[PDB]
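This report concerns only the one structure given below.
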Amino acid sequence: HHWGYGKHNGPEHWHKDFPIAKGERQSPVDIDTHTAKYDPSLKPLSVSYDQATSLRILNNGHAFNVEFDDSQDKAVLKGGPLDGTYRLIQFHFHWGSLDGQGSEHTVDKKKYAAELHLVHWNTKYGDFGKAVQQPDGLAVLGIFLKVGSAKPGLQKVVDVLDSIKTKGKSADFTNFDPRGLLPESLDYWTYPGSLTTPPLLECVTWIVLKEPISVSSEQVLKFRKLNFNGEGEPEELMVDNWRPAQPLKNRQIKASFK
Ligand SMILES: CCCCNC(=O)c1ccc(S(N)(=O)=O)cc1
Ligand SMILES: [Zn+2]
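The opening position of the sequence shown corresponds to residue 78 in this note's numbering, with each subsequent residue numbered one higher.
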């Protein structure tokens with residue numbers, strides 16, 4: 078009863094209620110590494126999460142979000158292609174029904190099993206709801222997950238998923254340190270794009286890390302046991318909650334590394 082990922086309300090249908098779906102700066106995209114241009118003027122990213130204050134985890138019927146206190150300049154992203162300071166508000170993942178699909182961005186048409194999105198908003202706009210109406214309002218740090226060794230820093234998220242199995246369940250989720258979800262390198266590609274879910278607003282500077290993190294098959298299985306439906310309703314497993322690659326059109330993807 079609204080948009081989703083099924084055959085009847087999935088990404089190919091979104092344009093009917095969100096005509097920006099066919100706009101000029103939609104996300105995600107395929108990152109063609111033979112075409113992305115190294116840009117030695119790009120600055121190093123500064124990811125400052127030491128004071129991050131997580132609050133809550135919520136199943137919103139499309140994914141689960143871990144939300145942070147963003148009332149002050151605690152956990153912020155600066156530098157790289159960005160001007161000024163972007164505050165962390167929430168992170169979530171997109172993932173597949175099988176290990177060979179699930180990421181939203183692709184790298185040379187390669188799909189990863191999942192992708193983490195750490196969502197931040199530009200403090201010059203005062204609040205998140207103002208920021209999404211601006212073309213430089215958000216910065217989303219995207220990180221690929223490949224199936225491999227377990228990620229210790231993810232285990233606290235995987236352990237709480239039982240408690241938010243269905244749409245509209247939430248649980249207290251404090252003292253969670255998002256630093257534990259970062260790879261070793263912060264090398265990245267960057268391009269101007271959009272939210273990858275309705276309302277698909279064209280307000281995001283994408284920063285996509287080159288190095289994936291590794292998660293175990295038991296960890297990603299736990300994501301796949303979540304439900305899109307609410308309690309009581311017919312069970313629909315929360316899998317394949319990814320939007321496919323959208324045309325790059327007149328954009329250039331920049332690499333921070335050569
Ligand atoms: C008004 C916005 C309400 C829907 N909300 C979002 O806040 C949103 C944030 C990040 C993404 S994503 N997947 O591109 O990181 C998509 C959507
Ligand atoms: Zn996302």
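Every residue gets a Cβ at the ideal spot worked out from N, C-alpha and C, and that includes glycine.
Can you tell me which of the three DSSP states residue i falls into?
| i | result |
| --- | --- |
| residue 80 | coil |
| residue 288 | coil |
| residue 295 | helix |
| residue 97 | helix |
| residue 118 | coil |
| residue 92 | helix |
| residue 330 | coil |
| residue 188 | coil |
| residue 236 | helix |
| residue 251 | coil |
| residue 278 | coil |
| residue 256 | helix |
| residue 267 | strand |
Can you tell me the Cα-Cα spacing of residue i and residue j, whole angstroms?
| i | j | result |
| --- | --- | --- |
| residue 263 | residue 332 | 11 Å |
| residue 154 | residue 164 | 6 Å |
| residue 123 | residue 269 | 19 Å |
| residue 201 | residue 209 | 12 Å |
| residue 207 | residue 282 | 16 Å |
| residue 329 | residue 181 | 18 Å |
| residue 168 | residue 196 | 6 Å |
| residue 230 | residue 160 | 29 Å |
| residue 234 | residue 172 | 15 Å |
| residue 22 | residue 100 | Beyond the ends of the chain as shown, which are 78 and 335, falls residue 22; an answer cannot be given. |
| residue 260 | residue 126 | 14 Å |
| residue 303 | residue 291 | 20 Å |
| residue 204 | residue 225 | 38 Å |
| residue 343 | residue 215 | Outside the displayed span of the chain (78 to 335) sits residue 343, for which this structure offers no information. |
| residue 189 | residue 132 | 28 Å |
| residue 247 | residue 239 | 11 Å |
| residue 323 | residue 298 | 27 Å |
| residue 310 | residue 81 | 16 Å |
On the premise that residue j lies in contact with residue i, defined as a C-beta separation below 8 Å, what is that separation, rounded to the nearest angstrom?
| i | j | result |
| --- | --- | --- |
| residue 129 | residue 114 | Incorrect: roughly 32 Å between the Cβ atoms, too far for contact. |
| residue 253 | residue 170 | Between residue 170 and residue 253 the Cβ distance is about 14 Å, and since that is not below 8 Å, they are no contact. |
| residue 243 | residue 136 | 6 Å |
Is any heavy atom of ligand 1 found at a distance shorter than 7 Å from the C-beta of residue i?
| i | result |
| --- | --- |
| residue 276 | yes |
| residue 143 | no |
| residue 398 | The first residue shown for the chain is 78 and the last is 335, placing residue 398 beyond what the model contains. |
| residue 294 | no |
Between residue i and ligand 2, is there a pair consisting of the residue's CB and a ligand heavy atom that are separated by less than 7 Å?
| i | result |
| --- | --- |
| residue 273 | yes |
| residue 169 | yes |
Just checking: is the beta-carbon of residue i within a distance shorter than 8 Å of some beta-carbon in chain D?
| i | result |
| --- | --- |
| residue 268 | The chain inventory of the structure shown lacks chain D, comprising one protein chain alone. |
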